[PDB]
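Residue strings, one per chain:
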Amino acid sequence: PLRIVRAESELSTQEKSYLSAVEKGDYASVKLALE
Amino acid sequence: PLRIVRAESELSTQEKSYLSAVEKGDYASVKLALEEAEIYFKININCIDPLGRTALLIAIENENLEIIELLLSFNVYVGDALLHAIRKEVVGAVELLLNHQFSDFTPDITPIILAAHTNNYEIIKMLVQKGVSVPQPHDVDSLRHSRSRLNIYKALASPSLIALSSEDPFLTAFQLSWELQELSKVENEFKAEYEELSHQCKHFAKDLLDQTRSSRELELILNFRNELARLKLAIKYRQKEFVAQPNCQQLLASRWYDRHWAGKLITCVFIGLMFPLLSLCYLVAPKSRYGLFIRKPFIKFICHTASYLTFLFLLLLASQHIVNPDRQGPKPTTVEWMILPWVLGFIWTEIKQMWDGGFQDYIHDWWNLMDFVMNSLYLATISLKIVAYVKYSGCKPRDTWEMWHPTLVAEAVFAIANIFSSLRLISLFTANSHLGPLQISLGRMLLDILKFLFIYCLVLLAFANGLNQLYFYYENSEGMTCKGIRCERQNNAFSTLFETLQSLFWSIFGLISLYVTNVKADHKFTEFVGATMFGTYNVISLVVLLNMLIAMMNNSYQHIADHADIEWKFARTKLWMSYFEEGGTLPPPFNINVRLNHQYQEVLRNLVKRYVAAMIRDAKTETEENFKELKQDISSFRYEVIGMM
Ligand SMILES: Cn1c(=O)n(CCCO)c(=O)c2c1nc(Oc1ccc(/N=N/c3ccccc3)c(OC(F)(F)F)c1)n2Cc1ccc(Cl)cc1
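- Structure determination for this entry, per the PDB record, employed cryo-EM and reached 3.0 Å resolution.

**Comments concerning the overall build of chain A**
Here's step 1: Scanning chain A from terminus to terminus reveals two helices and zero strands.
Here's step 2: Looking at chain A as a whole, 14% of its 35 residues are labelled buried.
Here's step 3: Surface exposure of chain A reaches about 3000 Å², of which carbon and sulfur atoms provide 58%.

**Describing the packing of helix 11 (residues 169-183) of chain B against helix 14 (residues 229-236) of chain B**
Residue and element names in this part refer to chain B.
Here's step 1: Here helix 11 crosses helix 14 at 20°, and the two axes come no closer than 10 Å. If you check the angle between helix 11 and helix 14, you find them roughly parallel. In the packing of helix 11 onto helix 14, the handedness of the crossing is left-handed. Touching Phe170, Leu171 and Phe174 of helix 11 are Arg230, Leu233 and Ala234, all from helix 14.
Here's step 2: Partitioning the contact of helix 11 with helix 14 into residue classes produces five nonpolar, no polar and one charged.

**Overview of the UniProt feature "transmembrane region" (unreviewed entry) in chain B**
Here's step 1: The positions UniProt marks with the feature "transmembrane region" (unreviewed entry) are residues 265-285, 297-318, 337-355, 367-387, 408-429, 449-473, 494-516 and 528-550 of chain B.
Here's step 2: Strand forms 0% of residues 297-318 of chain B and helix 91%; the C-alpha atoms that close the span are 32 Å apart.

**Some remarks on the site of the ligand**
All names here are of chain B.
Here's step 1: Near the ligand the following residues occur: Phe528, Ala531, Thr532, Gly535 and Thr536.
Here's step 2: With respect to the ligand, the backbone of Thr532 contributes an N or O atom lying 3.3 Å from an oxygen atom.
Here's step 3: Coverage of the ligand by the protein chains reaches 18% of its 840 Å² of free accessible surface.
Here's step 4: Its residues assigned to classes, the shell around the ligand shows two nonpolar, three polar and no charged.

**Here's the deal with the UniProt feature "binding site: Ca(2+)" (unreviewed entry) in chain B**
All names here are of chain B.
Here's step 1: In the UniProt entry, the feature "binding site: Ca(2+)" (unreviewed entry) is given for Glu350, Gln353, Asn368 and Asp371. Despite a sequence span of 22 residues, these residues sit close together in the fold, their greatest C-alpha distance being 11.6 Å.
Here's step 2: For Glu350, a relative accessible area of 14% translates into the label buried.
Here's step 3: Looking at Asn368, the relative accessible area reads 6%, which means it is buried.

**Observations regarding a negative patch on the surface**
All names here are of chain B.
Here's step 1: On the surface, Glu624, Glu625, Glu629 and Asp633 cluster together into a negatively charged patch.
Here's step 2: Along the chain, the position of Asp633 falls in helix 30 (residues 624-644).
Here's step 3: Its relative accessible area of 48% is what places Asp633 among the partly exposed residues.

**Let's talk about the pattern of salt bridges**
Residues and elements named next belong to chain B.
Here's step 1: Considering all chains together, one arrives at 17 salt bridges over all chains under this definition.
Here's step 2: Put simply, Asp49 and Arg53 hold a salt bridge, and the shortest N to O gap is 3.2 Å.
Here's step 3: Judged by relative accessible area, which is 7%, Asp49 ranks as buried.
Here's step 4: Of the residues examined, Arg53 reaches a relative accessible area of 26% and is grouped as partly exposed.
Here's step 5: Its salt-bridge partner being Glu567, residue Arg444 comes within 3.4 Å of it at the nearest N-O pair.

What counts, and where the lines are drawn
- What you see is numbering from 1 along each chain in written sequence order, possibly unlike the entry, with residues lacking coordinates removed.
- The lettering of chains begins at A and the numbering of ligands begins at 1, in the order of writing.
- Each value listed describes the chains present in this view, a part of a larger assembly.
- Where side-chain values are given, they derive from all heavy atoms of the structure, hydrogens and water being excluded.
- Each helix is a run of DSSP H or I of at least 4 residues and each strand a run of E of at least 2, with the numbering of both proceeding from the N terminus.
- Using a 1.4 Å probe on the protein chains alone, a residue whose accessible area is under 20% of its type maximum counts as buried, one over 50% counts as exposed, and one in between counts as partly exposed.
- To measure how exposed things are, a 1.4 Å probe is used in the Shrake-Rupley method; for residues, cover is taken only from the protein chains shown.
- Axis definition: a line fitted to C-alpha atoms, limited for helices to the stretch in contact. Angles are taken between N-to-C directions and run from 0 to 180 degrees.
- Oblique is the label for every angle not falling under 35 degrees (roughly parallel), over 145 degrees (roughly antiparallel), or within 65 to 115 degrees (roughly perpendicular).
- In a left-handed crossing the near helix is turned counterclockwise from the far helix by less than a right angle, and in a right-handed crossing that turn is clockwise.
- Residues are treated as being in contact if the distance between any of their heavy atoms lies within 4.5 Å.
- Under the scheme applied, nonpolar residues are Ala, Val, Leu, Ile, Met, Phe, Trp, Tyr, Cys and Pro; charged residues are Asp, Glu, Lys and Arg; polar residues are all the others, including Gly.
- UniProt positions are given in the numbering used here, feature names are shortened, and annotations may be inferred rather than shown by experiment.
- The rule for a residue being near a molecule or strand is that one of its heavy atoms must lie within 4 Å of it.
- Whenever two N or O atoms come within 3.5 Å, that pair is a polar contact, provided that in protein one can donate a hydrogen and the other can accept it, and provided that, for residues adjacent in sequence, both atoms are side-chain atoms.
- Patch membership requires over 30% relative accessible area and the absence of a salt bridge. Like charges are linked within 9 Å, and nonpolar side chains (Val, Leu, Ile, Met, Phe, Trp, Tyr) within 5 Å.
- For this analysis, a salt bridge means a side-chain nitrogen from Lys or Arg found within 4 Å of a carboxyl oxygen belonging to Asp or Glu.
- Charged-residue counts in this description rest on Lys and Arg as positive and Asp and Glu as negative, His and the chain ends being excluded.
- A charge is said to be at NZ when it belongs to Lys, at CZ for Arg, at CG for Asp and at CD for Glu.

Right under this line is the structure:
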């Protein structure tokens, strides 16, 4: 069969770096994000 | 034994240190080692370690992305590294590898199939966002034809894949679990894996239904597509786990019922006493005062039970001496005239149930063949009676009648018929919480008894053959007014095959005396042989055969009684749902979607979202939740030290 996503939207491109920074633990980069 | 290494080789003297540096995570050493761009001193970046691991695959094993990217920038050969990253469940490696003869994977395995096998939500969604398709399940090298078919069914039966690529996850789980169960019967070599795959599909529907927050959602899921349409659909697919769920069981019990031990039996008896009052009230005027009172399923169930116990009463009253002597070809008495409406109602119910199903799944159950036999016997009884009434007359002593007389056969068949009528009442035990589970697990271990009959009957026939062959030359019939073993002086136990077959059955209970092995002659050798074979039959059947029939029933009772509450609840709801409709509210004695889709999908989206959230964000802990805490602390330390300088 052919499968496609069902009712799921994409978030963003820039915010991926912010999420990775808040996940890993880089305190400098996250502070740059909220600046 | 001067052993040697057979069928192998040696890697190198230089690349061993490079592989070690890759393993230790040294960024600078492996960066300078790879800097031999287009001018190499005979060092292969595609070297394979003695265990088969490669430098690119080594970094995947530690999910360290820096050397992964460094290797990828130099165009190292991948081949199947994406499959390894998918199998090891590394999101970063899959992200990096998604945009750029010996294999340890089966040739028909595709990345989507393996990703669905690992049941990782992130990787499956990532692959689906790019656009993939699994071959449909729909012979020359049959070993890999069955393996390929099994793999695609394992990927299809995964909660992660169903949750994001199915129009209705509540429906694709019913059908796929059904066909997985019936596919384990045509492929008997893999029946232990197909049936364990179907069992996990039944749990998925129950878990998805477990996420309801309010009774508004629950009544909308089961009423999709007159009333409780989807709930009856789950019963058809034999979804015992889905049906036997507490939240829906509560609603079903609320519909059923619409007090202490001495406060419930007394009022049940009180209601059952006036059975023929609010049954004639129904025919006279279906008003809310009395006509609608019997519409309650609990009241209707009591009416049908008390009306059946009444039938069993005057059935017991037809054998009394008070109510047509020993006359030949008699007319029916006053009891039989009252019996006739019950038989007619039962026959009418069986007739209206016969064509409602077309003998498919209608006679396949054990509780319908017995009913059919009962009505057949009753019909034979009435036919024999009416036949004998019109061709026989005159008062004659009963002792002088010849056997096979129509009246005698009629009463014998009637006596046989009402044994099944009283034994059918055992089917009502499933409505009581105490005798319910006991009765359900009673008829389930009975199927294991039927397999010992196949050896018991063989032993019986084997010994009967020898006993008859030995004793058939000594039979006599002079001086014997009575003949057989059903006599005060048993004389001819082993004379014929029909007598030998039933004189060995009565010896199980010890009702055959020891002098039946004697002959009217001074032949001690044959008598001893016959006694020895009789004793050997006694030992085998009573000390060995019947001793190990119970030796497995308790060892099979353990498996049956494990999930003994789901089966009982399924039986009880099957019984309940037969009293929820109109058409049967008449005891046998007195019988003779544009917006619906909108709401359903908007509820189902929330249900699926809650299920997936509770499945990913609440399963990392189920020890592993604190493993990433140390990694977070170490990463923060590393970032602080690196950025400070
Ligand atoms: C089957 N039967 C039998 O039909 N009648 C009726 C004959 C006419 O009424 C017996 O009277 C009888 C009997 N069985 C025994 O006693 C045993 C029990 C177990 C034996 N062996 N067990 C095993 C178990 C494991 C391995 C090996 C042997 C055994 O040894 C034997 F003879 F080989 F069976 C004899 N008696 C009583 C009897 C005994 C001896 C004698 Cl001289 C006369 C009568």
